[PDB]
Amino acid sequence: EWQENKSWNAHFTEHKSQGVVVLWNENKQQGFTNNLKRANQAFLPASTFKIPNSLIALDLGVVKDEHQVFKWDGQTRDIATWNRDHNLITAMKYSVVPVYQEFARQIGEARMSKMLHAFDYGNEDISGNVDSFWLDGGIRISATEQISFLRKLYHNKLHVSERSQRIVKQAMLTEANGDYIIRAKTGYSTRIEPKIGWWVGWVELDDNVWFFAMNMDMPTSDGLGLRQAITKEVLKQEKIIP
């Protein structure tokens, strides 16, 4: 079952914005969205690709553990937080593209292609530069295919080791308190039209898990905070979080 709930369109209208939110209730095995068509439209994943990229780099030994230091290469880039030493935890937190480009070059085309076929990930197409196909190449994924992928990660059912899956879930930690835990990854696709923002992940409660995937039109970086704000307005209306 998928069920359409157009009342969530209010949360987008409030900000003169357009997009989709998809929720999956793990206990009841039912899905909900404001737009069934856009829920199945495939886009470039941009920084959401850092979840499968991390899994592959750990399983092949390109990354030894979550404390290994990746030293700054000395090139001043326009994002201040990229101009420093990182590990896996900080490289995911600050979406540090140059660290992930170096992992992809060491994984290589052949192993990257075989791993994405085993994950059943989006359209499985890596055409383009081995170190930029998720930003300006031929790979495409829908919000519903993001949920399918994330459910397998949650249950340790991807073909890679239990250990690789546990470390990446630790790196995805975004928020936690007495009411909920959020594990998630942001993305911003800016190189090829149409320009879109992503937020994909899940909410852990005492007795259930809600998986989510949202995308929205992002003509400039001024609206990037709306990825989390709009998603949290839907979770409150559904009584998932206070």
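Numbering starts at 1 and follows the sequence shown.
- The PDB entry reports B-factors from which the mean C-alpha value can be compared for 87 to 95 and 67 to 75; the larger average falls on 67 to 75.
- On average the C-alpha atoms of 106 to 114 have higher B-factors than those of the other stretch, with 141 to 149 and 106 to 114 being the two compared.
- Annotation for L36: CA B-factor lies in the highest third of the chain's modelled residues.
- Sorting the modelled residues of the chain by their CA temperature factor places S189 in the middle third.
- Among all modelled residues in its chain, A80 ranks in the highest third by Cα B-factor.
- The entry lists a Cα temperature factor for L60 that places it in the highest third of the chain's modelled residues.
- Ranked by C-alpha B-factor against the other modelled residues of its chain, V22 falls in the lowest third.
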